[PDB]
>>> print(open('my_file.cif').read())   # mmCIF, C-alpha atoms and all ligand atoms
data_upload
loop_
_atom_site.group_PDB
_atom_site.id
_atom_site.type_symbol
_atom_site.label_atom_id
_atom_site.label_comp_id
_atom_site.auth_asym_id
_atom_site.auth_seq_id
_atom_site.Cartn_x
_atom_site.Cartn_y
_atom_site.Cartn_z
ATOM 1 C CA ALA A 2 -14.420 7.069 31.700
ATOM 2 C CA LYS A 3 -15.960 8.310 28.435
ATOM 3 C CA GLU A 4 -18.966 6.021 28.682
ATOM 4 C CA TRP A 5 -21.434 6.060 25.783
ATOM 5 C CA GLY A 6 -24.583 4.195 24.775
ATOM 6 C CA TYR A 7 -27.638 4.293 22.537
ATOM 7 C CA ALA A 8 -29.963 6.316 24.811
ATOM 8 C CA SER A 9 -31.017 9.966 24.512
ATOM 9 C CA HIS A 10 -28.532 11.158 27.112
ATOM 10 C CA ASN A 11 -25.456 9.199 25.933
ATOM 11 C CA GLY A 12 -26.381 8.245 22.385
ATOM 12 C CA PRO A 13 -25.216 8.749 18.786
ATOM 13 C CA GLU A 14 -26.215 12.410 18.782
ATOM 14 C CA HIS A 15 -23.817 13.117 21.689
ATOM 15 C CA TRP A 16 -20.858 10.901 20.659
ATOM 16 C CA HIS A 17 -19.056 13.872 19.060
ATOM 17 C CA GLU A 18 -18.720 15.321 22.591
ATOM 18 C CA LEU A 19 -16.277 12.481 23.371
ATOM 19 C CA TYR A 20 -14.821 11.777 19.931
ATOM 20 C CA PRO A 21 -14.886 14.720 17.437
ATOM 21 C CA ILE A 22 -14.391 12.311 14.531
ATOM 22 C CA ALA A 23 -18.039 11.163 15.084
ATOM 23 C CA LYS A 24 -18.862 14.208 12.987
ATOM 24 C CA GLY A 25 -16.232 13.383 10.348
ATOM 25 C CA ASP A 26 -16.742 13.144 6.582
ATOM 26 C CA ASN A 27 -16.302 9.355 6.291
ATOM 27 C CA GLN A 28 -18.720 8.061 8.915
ATOM 28 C CA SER A 29 -20.725 4.822 8.872
ATOM 29 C CA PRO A 30 -23.320 3.496 8.399
ATOM 30 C CA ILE A 31 -25.004 5.114 5.407
ATOM 31 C CA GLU A 32 -28.201 4.575 3.449
ATOM 32 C CA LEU A 33 -27.580 2.819 0.135
ATOM 33 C CA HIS A 34 -29.665 4.426 -2.563
ATOM 34 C CA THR A 35 -29.687 3.068 -6.092
ATOM 35 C CA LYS A 36 -29.314 6.664 -7.260
ATOM 36 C CA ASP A 37 -25.722 6.947 -5.963
ATOM 37 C CA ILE A 38 -24.210 3.492 -6.509
ATOM 38 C CA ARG A 39 -21.589 3.035 -9.217
ATOM 39 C CA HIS A 40 -20.866 -0.293 -10.841
ATOM 40 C CA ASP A 41 -17.143 -0.931 -10.820
ATOM 41 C CA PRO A 42 -16.250 -3.378 -13.644
ATOM 42 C CA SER A 43 -12.818 -3.874 -12.031
ATOM 43 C CA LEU A 44 -14.140 -5.220 -8.729
ATOM 44 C CA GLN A 45 -13.011 -8.789 -8.118
ATOM 45 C CA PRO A 46 -14.568 -11.565 -5.979
ATOM 46 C CA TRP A 47 -13.306 -11.943 -2.404
ATOM 47 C CA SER A 48 -12.807 -15.176 -0.464
ATOM 48 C CA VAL A 49 -12.081 -16.384 3.059
ATOM 49 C CA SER A 50 -10.114 -19.191 4.735
ATOM 50 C CA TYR A 51 -11.322 -19.405 8.308
ATOM 51 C CA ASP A 52 -9.922 -21.883 10.802
ATOM 52 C CA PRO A 53 -12.778 -23.075 13.091
ATOM 53 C CA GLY A 54 -10.225 -23.676 15.836
ATOM 54 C CA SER A 55 -9.185 -20.001 15.962
ATOM 55 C CA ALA A 56 -12.458 -19.085 17.706
ATOM 56 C CA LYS A 57 -11.699 -18.386 21.374
ATOM 57 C CA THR A 58 -14.382 -16.523 23.277
ATOM 58 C CA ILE A 59 -17.902 -15.112 23.222
ATOM 59 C CA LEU A 60 -18.715 -12.081 25.361
ATOM 60 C CA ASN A 61 -21.315 -9.520 26.395
ATOM 61 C CA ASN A 62 -19.761 -6.085 26.825
ATOM 62 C CA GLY A 63 -23.098 -4.334 27.332
ATOM 63 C CA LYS A 64 -23.144 -2.998 23.760
ATOM 64 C CA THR A 65 -23.313 -6.250 21.807
ATOM 65 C CA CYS A 66 -22.437 -9.934 21.742
ATOM 66 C CA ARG A 67 -18.920 -10.472 20.392
ATOM 67 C CA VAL A 68 -17.087 -13.623 19.350
ATOM 68 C CA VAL A 69 -13.303 -13.201 19.542
ATOM 69 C CA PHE A 70 -10.796 -15.056 17.341
ATOM 70 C CA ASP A 71 -7.065 -15.760 17.695
ATOM 71 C CA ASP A 72 -5.371 -13.227 15.400
ATOM 72 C CA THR A 73 -1.782 -13.544 16.668
ATOM 73 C CA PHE A 74 -0.694 -15.116 13.343
ATOM 74 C CA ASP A 75 -2.300 -15.804 9.933
ATOM 75 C CA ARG A 76 -5.067 -18.279 10.792
ATOM 76 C CA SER A 77 -8.321 -16.917 9.424
ATOM 77 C CA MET A 78 -7.981 -14.757 6.360
ATOM 78 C CA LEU A 79 -10.090 -12.568 4.111
ATOM 79 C CA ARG A 80 -8.580 -11.868 0.657
ATOM 80 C CA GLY A 81 -9.485 -10.274 -2.663
ATOM 81 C CA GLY A 82 -12.277 -7.906 -3.521
ATOM 82 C CA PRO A 83 -11.185 -4.270 -3.156
ATOM 83 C CA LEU A 84 -8.396 -5.207 -0.697
ATOM 84 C CA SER A 85 -4.648 -4.733 -1.235
ATOM 85 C CA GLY A 86 -3.560 -7.827 0.690
ATOM 86 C CA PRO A 87 -5.001 -10.512 3.048
ATOM 87 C CA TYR A 88 -6.724 -9.460 6.291
ATOM 88 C CA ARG A 89 -6.864 -11.368 9.615
ATOM 89 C CA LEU A 90 -10.276 -12.021 11.213
ATOM 90 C CA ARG A 91 -10.288 -10.503 14.695
ATOM 91 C CA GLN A 92 -13.951 -10.811 15.769
ATOM 92 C CA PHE A 93 -17.584 -10.571 14.758
ATOM 93 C CA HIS A 94 -20.542 -9.013 16.529
ATOM 94 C CA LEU A 95 -24.160 -8.085 15.810
ATOM 95 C CA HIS A 96 -26.478 -5.062 15.808
ATOM 96 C CA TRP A 97 -30.254 -5.588 16.321
ATOM 97 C CA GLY A 98 -33.596 -3.858 16.965
ATOM 98 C CA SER A 99 -36.428 -3.979 19.506
ATOM 99 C CA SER A 100 -38.620 -5.893 17.060
ATOM 100 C CA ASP A 101 -38.229 -7.842 13.803
ATOM 101 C CA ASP A 102 -39.101 -4.861 11.649
ATOM 102 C CA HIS A 103 -35.747 -3.038 11.992
ATOM 103 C CA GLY A 104 -32.321 -3.577 13.500
ATOM 104 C CA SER A 105 -29.714 -3.159 10.763
ATOM 105 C CA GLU A 106 -27.400 -0.159 10.682
ATOM 106 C CA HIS A 107 -27.088 0.057 6.899
ATOM 107 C CA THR A 108 -30.266 0.507 4.849
ATOM 108 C CA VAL A 109 -30.787 -0.461 1.192
ATOM 109 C CA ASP A 110 -33.273 1.569 -0.893
ATOM 110 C CA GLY A 111 -35.055 2.687 2.281
ATOM 111 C CA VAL A 112 -35.411 -0.786 3.778
ATOM 112 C CA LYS A 113 -33.900 -2.042 7.019
ATOM 113 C CA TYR A 114 -33.337 -5.641 8.072
ATOM 114 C CA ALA A 115 -33.785 -7.356 11.456
ATOM 115 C CA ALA A 116 -30.063 -7.338 12.256
ATOM 116 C CA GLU A 117 -26.611 -6.719 10.836
ATOM 117 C CA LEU A 118 -23.607 -8.987 11.373
ATOM 118 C CA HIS A 119 -20.117 -7.389 11.246
ATOM 119 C CA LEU A 120 -16.990 -9.586 10.793
ATOM 120 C CA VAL A 121 -14.002 -7.380 11.679
ATOM 121 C CA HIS A 122 -10.623 -7.997 10.003
ATOM 122 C CA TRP A 123 -7.351 -6.032 10.113
ATOM 123 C CA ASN A 124 -4.297 -5.782 7.817
ATOM 124 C CA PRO A 125 -1.331 -7.598 9.423
ATOM 125 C CA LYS A 127 1.202 -5.524 7.499
ATOM 126 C CA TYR A 128 0.478 -2.876 10.151
ATOM 127 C CA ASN A 129 1.934 -5.211 12.815
ATOM 128 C CA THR A 130 -0.740 -4.689 15.509
ATOM 129 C CA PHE A 131 -4.500 -4.018 15.596
ATOM 130 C CA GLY A 132 -3.860 -0.713 17.361
ATOM 131 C CA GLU A 133 -1.600 0.442 14.549
ATOM 132 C CA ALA A 134 -4.070 -0.666 11.866
ATOM 133 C CA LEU A 135 -6.750 1.586 13.448
ATOM 134 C CA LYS A 136 -4.668 4.578 12.393
ATOM 135 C CA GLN A 137 -4.645 3.616 8.718
ATOM 136 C CA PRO A 138 -7.319 4.636 6.165
ATOM 137 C CA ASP A 139 -7.448 0.984 5.092
ATOM 138 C CA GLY A 140 -6.366 -0.739 8.300
ATOM 139 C CA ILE A 141 -9.626 -2.625 8.870
ATOM 140 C CA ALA A 142 -11.990 -4.509 6.588
ATOM 141 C CA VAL A 143 -15.517 -5.399 7.673
ATOM 142 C CA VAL A 144 -17.702 -7.945 5.914
ATOM 143 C CA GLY A 145 -21.256 -6.857 6.620
ATOM 144 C CA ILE A 146 -24.255 -9.150 6.326
ATOM 145 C CA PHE A 147 -27.948 -8.473 6.887
ATOM 146 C CA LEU A 148 -30.294 -10.851 8.676
ATOM 147 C CA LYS A 149 -33.823 -11.214 7.328
ATOM 148 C CA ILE A 150 -36.699 -13.157 8.901
ATOM 149 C CA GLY A 151 -37.289 -16.486 7.199
ATOM 150 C CA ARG A 152 -36.365 -20.102 7.800
ATOM 151 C CA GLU A 153 -34.371 -21.044 10.896
ATOM 152 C CA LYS A 154 -30.592 -21.068 10.381
ATOM 153 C CA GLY A 155 -29.085 -24.186 11.951
ATOM 154 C CA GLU A 156 -25.563 -22.800 12.110
ATOM 155 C CA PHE A 157 -26.753 -19.646 13.917
ATOM 156 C CA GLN A 158 -28.245 -21.758 16.735
ATOM 157 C CA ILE A 159 -24.709 -22.674 17.893
ATOM 158 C CA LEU A 160 -24.170 -19.021 18.763
ATOM 159 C CA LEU A 161 -27.664 -18.583 20.296
ATOM 160 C CA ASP A 162 -27.158 -21.623 22.529
ATOM 161 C CA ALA A 163 -24.103 -19.951 24.060
ATOM 162 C CA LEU A 164 -25.850 -16.692 25.052
ATOM 163 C CA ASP A 165 -27.218 -18.232 28.262
ATOM 164 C CA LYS A 166 -23.644 -18.178 29.566
ATOM 165 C CA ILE A 167 -23.205 -14.468 28.904
ATOM 166 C CA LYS A 168 -26.567 -13.065 29.916
ATOM 167 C CA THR A 169 -25.142 -9.852 31.474
ATOM 168 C CA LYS A 170 -22.555 -7.141 30.766
ATOM 169 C CA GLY A 171 -19.027 -8.317 31.544
ATOM 170 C CA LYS A 172 -19.708 -12.036 31.164
ATOM 171 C CA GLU A 173 -17.444 -14.132 28.989
ATOM 172 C CA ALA A 174 -17.205 -17.805 28.037
ATOM 173 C CA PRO A 175 -15.081 -20.171 25.935
ATOM 174 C CA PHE A 176 -16.517 -20.443 22.411
ATOM 175 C CA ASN A 177 -14.544 -22.864 20.300
ATOM 176 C CA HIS A 178 -14.712 -24.545 16.895
ATOM 177 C CA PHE A 179 -16.851 -22.116 14.912
ATOM 178 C CA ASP A 180 -16.485 -21.161 11.256
ATOM 179 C CA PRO A 181 -18.330 -17.830 10.622
ATOM 180 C CA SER A 182 -18.296 -18.624 6.917
ATOM 181 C CA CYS A 183 -21.088 -21.149 7.470
ATOM 182 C CA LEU A 184 -23.321 -18.080 7.937
ATOM 183 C CA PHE A 185 -22.534 -16.638 4.477
ATOM 184 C CA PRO A 186 -25.218 -16.554 1.786
ATOM 185 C CA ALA A 187 -24.519 -18.372 -1.488
ATOM 186 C CA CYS A 188 -24.496 -15.173 -3.544
ATOM 187 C CA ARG A 189 -21.343 -13.121 -3.060
ATOM 188 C CA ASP A 190 -22.408 -9.852 -4.781
ATOM 189 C CA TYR A 191 -21.389 -6.823 -2.731
ATOM 190 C CA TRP A 192 -21.127 -3.083 -2.324
ATOM 191 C CA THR A 193 -17.916 -1.492 -1.061
ATOM 192 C CA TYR A 194 -17.064 1.948 0.325
ATOM 193 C CA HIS A 195 -14.710 3.633 2.811
ATOM 194 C CA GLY A 196 -16.123 4.477 6.211
ATOM 195 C CA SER A 197 -15.716 4.165 9.967
ATOM 196 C CA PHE A 198 -16.507 1.991 12.972
ATOM 197 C CA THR A 199 -20.203 2.451 13.823
ATOM 198 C CA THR A 200 -19.255 2.687 17.514
ATOM 199 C CA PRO A 201 -16.935 5.115 19.375
ATOM 200 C CA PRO A 202 -14.099 5.975 18.818
ATOM 201 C CA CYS A 203 -15.566 5.844 15.261
ATOM 202 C CA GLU A 204 -12.115 5.711 13.590
ATOM 203 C CA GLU A 205 -12.385 6.237 9.819
ATOM 204 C CA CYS A 206 -10.170 3.225 8.988
ATOM 205 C CA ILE A 207 -12.680 0.830 7.417
ATOM 206 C CA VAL A 208 -13.079 -0.656 3.950
ATOM 207 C CA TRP A 209 -16.650 -2.024 3.906
ATOM 208 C CA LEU A 210 -17.799 -5.161 2.139
ATOM 209 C CA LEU A 211 -21.607 -5.325 2.447
ATOM 210 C CA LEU A 212 -23.169 -8.445 0.923
ATOM 211 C CA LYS A 213 -26.300 -7.925 -1.149
ATOM 212 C CA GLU A 214 -27.998 -11.221 -0.226
ATOM 213 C CA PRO A 215 -29.318 -11.511 3.378
ATOM 214 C CA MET A 216 -28.863 -14.490 5.677
ATOM 215 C CA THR A 217 -32.282 -15.704 6.876
ATOM 216 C CA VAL A 218 -33.006 -16.437 10.509
ATOM 217 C CA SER A 219 -36.345 -17.208 12.199
ATOM 218 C CA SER A 220 -38.252 -14.896 14.566
ATOM 219 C CA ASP A 221 -37.650 -17.216 17.516
ATOM 220 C CA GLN A 222 -33.932 -17.031 16.835
ATOM 221 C CA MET A 223 -34.066 -13.204 16.830
ATOM 222 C CA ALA A 224 -36.057 -13.211 20.075
ATOM 223 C CA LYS A 225 -33.201 -15.180 21.625
ATOM 224 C CA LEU A 226 -30.703 -12.388 20.818
ATOM 225 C CA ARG A 227 -32.985 -9.841 22.488
ATOM 226 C CA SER A 228 -32.802 -11.811 25.736
ATOM 227 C CA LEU A 229 -29.418 -10.282 26.603
ATOM 228 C CA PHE A 230 -28.994 -7.486 29.131
ATOM 229 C CA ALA A 231 -26.943 -4.307 28.688
ATOM 230 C CA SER A 232 -26.680 -4.075 32.485
ATOM 231 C CA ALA A 233 -24.314 -6.010 34.798
ATOM 232 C CA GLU A 234 -25.454 -8.626 37.333
ATOM 233 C CA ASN A 235 -25.336 -6.103 40.180
ATOM 234 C CA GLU A 236 -27.611 -3.743 38.261
ATOM 235 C CA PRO A 237 -31.350 -3.233 37.543
ATOM 236 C CA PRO A 238 -32.251 -5.153 34.323
ATOM 237 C CA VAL A 239 -31.921 -3.246 31.048
ATOM 238 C CA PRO A 240 -32.602 -5.328 27.906
ATOM 239 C CA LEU A 241 -29.889 -5.252 25.242
ATOM 240 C CA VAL A 242 -31.795 -4.031 22.156
ATOM 241 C CA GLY A 243 -31.452 -1.146 19.711
ATOM 242 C CA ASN A 244 -27.654 -1.152 19.513
ATOM 243 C CA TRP A 245 -27.555 0.439 16.062
ATOM 244 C CA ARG A 246 -26.302 3.822 14.951
ATOM 245 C CA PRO A 247 -28.523 5.953 12.647
ATOM 246 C CA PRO A 248 -27.310 6.549 9.067
ATOM 247 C CA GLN A 249 -24.657 9.266 8.736
ATOM 248 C CA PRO A 250 -24.211 11.750 5.824
ATOM 249 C CA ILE A 251 -22.726 10.135 2.698
ATOM 250 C CA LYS A 252 -20.941 13.366 1.740
ATOM 251 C CA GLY A 253 -18.206 12.992 -0.897
ATOM 252 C CA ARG A 254 -18.261 9.192 -1.252
ATOM 253 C CA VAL A 255 -19.272 6.743 -3.929
ATOM 254 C CA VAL A 256 -20.441 3.235 -3.174
ATOM 255 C CA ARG A 257 -19.152 0.771 -5.713
ATOM 256 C CA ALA A 258 -21.094 -2.341 -6.667
ATOM 257 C CA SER A 259 -19.552 -5.547 -7.971
ATOM 258 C CA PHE A 260 -22.720 -6.124 -10.034
ATOM 259 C CA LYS A 261 -24.274 -4.235 -12.925
HETATM 260 S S1 LIG B 1 -19.792 -24.262 6.711
HETATM 261 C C1 LIG B 1 -19.125 -23.022 5.551
HETATM 262 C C2 LIG B 1 -18.140 -23.536 4.500
HETATM 263 N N1 LIG B 1 -17.177 -24.436 5.112
HETATM 264 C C3 LIG B 1 -17.230 -25.747 4.912
HETATM 265 O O1 LIG B 1 -18.092 -26.285 4.214
HETATM 266 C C4 LIG B 1 -16.170 -26.570 5.615
HETATM 267 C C5 LIG B 1 -14.842 -26.589 4.867
HETATM 268 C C6 LIG B 1 -13.636 -26.986 5.732
HETATM 269 N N2 LIG B 1 -12.425 -27.168 4.883
HETATM 270 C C7 LIG B 1 -13.933 -28.255 6.532
HETATM 271 O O2 LIG B 1 -13.715 -28.221 7.759
HETATM 272 O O3 LIG B 1 -14.366 -29.261 5.934
HETATM 273 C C8 LIG B 1 -17.406 -22.356 3.868
HETATM 274 O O4 LIG B 1 -16.174 -22.302 3.879
HETATM 275 N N3 LIG B 1 -18.163 -21.402 3.334
HETATM 276 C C9 LIG B 1 -17.561 -20.241 2.704
HETATM 277 C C10 LIG B 1 -17.512 -20.341 1.194
HETATM 278 O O5 LIG B 1 -16.968 -19.400 0.581
HETATM 279 O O6 LIG B 1 -18.330 -21.102 0.633
HETATM 280 S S1 LIG B 2 -24.904 -14.084 -6.819
HETATM 281 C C1 LIG B 2 -26.133 -15.422 -7.024
HETATM 282 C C2 LIG B 2 -25.574 -16.722 -6.429
HETATM 283 N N1 LIG B 2 -24.584 -17.296 -7.335
HETATM 284 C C3 LIG B 2 -23.314 -17.443 -6.964
HETATM 285 O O1 LIG B 2 -22.902 -17.110 -5.846
HETATM 286 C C4 LIG B 2 -22.353 -18.033 -7.997
HETATM 287 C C5 LIG B 2 -22.444 -19.550 -8.123
HETATM 288 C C6 LIG B 2 -21.369 -20.148 -9.044
HETATM 289 N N2 LIG B 2 -20.011 -19.934 -8.461
HETATM 290 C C7 LIG B 2 -21.442 -19.494 -10.430
HETATM 291 O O2 LIG B 2 -22.519 -19.580 -11.068
HETATM 292 O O3 LIG B 2 -20.423 -18.887 -10.850
HETATM 293 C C8 LIG B 2 -26.665 -17.646 -5.891
HETATM 294 O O4 LIG B 2 -26.561 -18.867 -6.025
HETATM 295 N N3 LIG B 2 -27.673 -17.068 -5.231
HETATM 296 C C9 LIG B 2 -28.749 -17.867 -4.661
HETATM 297 C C10 LIG B 2 -30.093 -17.757 -5.365
HETATM 298 O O5 LIG B 2 -30.447 -18.716 -6.092
HETATM 299 O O6 LIG B 2 -30.924 -16.955 -4.873
HETATM 300 ZN ZN ZN B 3 -20.675 -3.382 14.148
#
>>> encode(input="my_file.cif", output="structure tokens")
Amino acid sequence: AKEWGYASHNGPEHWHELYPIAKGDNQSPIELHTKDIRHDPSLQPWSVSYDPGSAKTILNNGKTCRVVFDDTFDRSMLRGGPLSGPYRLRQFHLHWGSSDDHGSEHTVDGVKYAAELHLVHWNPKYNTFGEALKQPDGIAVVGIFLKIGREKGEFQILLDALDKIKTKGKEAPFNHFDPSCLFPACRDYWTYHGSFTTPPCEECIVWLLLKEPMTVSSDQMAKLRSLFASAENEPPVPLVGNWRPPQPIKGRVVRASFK
């Protein structure tokens, strides 16, 4: 069944035993160090046009909490930036730690944030999501960090739905939600080519990591940690620490849209 997780027996360090590409040369996430970032004067701003009504479902698959969107036609689009054409929003999910002092997958100048939100988009010119996974630029992920601060009203909508998907395999209708309401005002970003941070770890992703964090309160973060990685018919296992350690940067440059 090729089951994997975040534990010592089935974690990141063993993923290559199931998917060789986990040891590839374009793996994510990475540590962003000021010493290896290059300002690209040609980088252009990106934008999004999300239809709140395209949101369909929220689910707990035992590895994270995912909100799924209708991507059968052009409804919710991401355009601009380093991209060659518009991308369709497929879903978003989160990565978080066991406590407020860590949780993000990407790290900036040696600092980690409480969580990392990933909005996954794919290029419709490739016809299907499965085909896009085979392309070096088939998927585009807008990554945003969560920092502890004031409570985020818009984020509560999501947190209020988690009670319906407490365990692995649960799913519930989640309608009328515009993920853009979670975006910080500042749009500065870093971009680089990498992979999915979860198996099969396909190296088909163009990353857009925003510089400015979204703030959320500690009580809000505690709510996320209330999920279980186990199914109803299983002994309780809290869903925390679903982040992959930084991978080698190797022969890649991270471009910044700011000087
Ligand atoms: S809540 C986030 C922002 N959306 C809106 O304000 C609603 C606009 C819709 N047209 C509507 O239903 O009124 C938003 O789009 N933020 C992203 C941005 O780039 O600022
Ligand atoms: S990147 C800093 C942010 N500015 C913008 O996103 C641009 C705003 C206007 N479109 C413009 O001046 O061109 C920002 O507001 N960051 C928030 C801050 O005050 O911390
Ligand atoms: Zn992710």
>>> closest_atom_pairs(input="my_file.cif", of="stretch 191-226 of chain A", to="stretch 72-82 of chain A", cutoff="10 Å", atoms="all atoms listed in the file", output="Markdown table")
| residue | atom | partner | partner_atom | distance |
| --- | --- | --- | --- | --- |
| A:191 | CA | A:82 | CA | 9.2 |
| A:193 | CA | A:82 | CA | 8.9 |
| A:210 | CA | A:82 | CA | 8.4 |
>>> residues_near_ligand(input="my_file.cif", ligand="ligand LIG 2 (chain B)", cutoff="9 Å", atoms="only C-alpha atoms and all ligand atoms", output="PyMOL selection string")
chain A and resi 186-190+213-214+260
>>> resolve_selection(input="my_file.cif", expression="the PyMOL selection byres (((chain A and resi 49-61) around 10) and not hetatm)", output="PyMOL selection string")
chain A and resi 47-48+62-73+75-81+87-94+160+163-164+166-183+229-233+241
>>> residues_near_ligand(input="my_file.cif", ligand="ligand ZN 3 (chain B)", cutoff="8 Å", atoms="only C-alpha atoms and all ligand atoms", output="JSON, numbers by chain")
{"A": [93, 94, 95, 96, 117, 118, 119, 120, 198, 199, 200]}
>>> closest_residue(input="my_file.cif", among="A:151, A:98, A:30, A:145", to="residue A:13", atoms="only C-alpha atoms")
A:30
>>> atom_distance(input="my_file.cif", atom1="atom CA of residue A:204", atom2="atom CA of residue A:109")
23.2 Å
>>> residues_around(input="my_file.cif", residues="stretch 83-86 of chain A", least_positions_apart="6", cutoff="12 Å", atoms="all atoms listed in the file", output="JSON, numbers by chain")
{"A": [41, 42, 43, 44, 45, 46, 47, 48, 122, 123, 124, 125, 127, 128, 139, 140, 141, 142, 143, 144, 191, 192, 193, 194, 195, 207, 208, 209, 210, 211, 256, 257, 258, 259]}
>>> atom_distance(input="my_file.cif", atom1="atom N3 of ligand LIG 1 (chain B)", atom2="atom CA of residue A:38")
27.4 Å
>>> residues_near_point(input="my_file.cif", point="(-24.1, 4.6, 8.8)", cutoff="7 Å", atoms="only C-alpha atoms", output="number ranges by chain")
A: 28-32, 106-107, 199, 246-249
>>> atom_distance(input="my_file.cif", atom1="atom CA of residue A:15", atom2="atom CA of residue A:224")
29.1 Å
>>> closest_residue(input="my_file.cif", among="A:33, A:184, A:146, A:161", to="ligand LIG 1 (chain B)", atoms="all atoms listed in the file")
A:184
>>> axis_aligned_box(input="my_file.cif", around="stretch 66-76 of chain A", padding_each_side="4 Å", output="JSON")
{"center_x": -11.6, "center_y": -14.1, "center_z": 15.8, "size_x": 29.7, "size_y": 16.3, "size_z": 19.8}
>>> closest_residue(input="my_file.cif", among="A:18, A:156, A:105, A:116", to="ligand LIG 1 (chain B)", atoms="all atoms listed in the file")
A:156
>>> residues_around(input="my_file.cif", residues="stretch 4-12 of chain A", least_positions_apart="6", cutoff="9 Å", atoms="all atoms listed in the file", output="number ranges by chain")
A: 19, 64, 201, 243-246
>>> write_last_selection(input="my_file.cif", atoms="C-alpha atoms", output="mmCIF file, in the frame of the given file")
data_model
loop_
_atom_site.group_PDB
_atom_site.id
_atom_site.type_symbol
_atom_site.label_atom_id
_atom_site.label_comp_id
_atom_site.auth_asym_id
_atom_site.auth_seq_id
_atom_site.Cartn_x
_atom_site.Cartn_y
_atom_site.Cartn_z
ATOM 1 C CA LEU A 19 -16.277 12.481 23.371
ATOM 2 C CA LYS A 64 -23.144 -2.998 23.760
ATOM 3 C CA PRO A 201 -16.935 5.115 19.375
ATOM 4 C CA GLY A 243 -31.452 -1.146 19.711
ATOM 5 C CA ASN A 244 -27.654 -1.152 19.513
ATOM 6 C CA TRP A 245 -27.555 0.439 16.062
ATOM 7 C CA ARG A 246 -26.302 3.822 14.951
#
>>> closest_residue(input="my_file.cif", among="A:101, A:14, A:153, A:162", to="residue A:216", atoms="all atoms listed in the file")
A:153
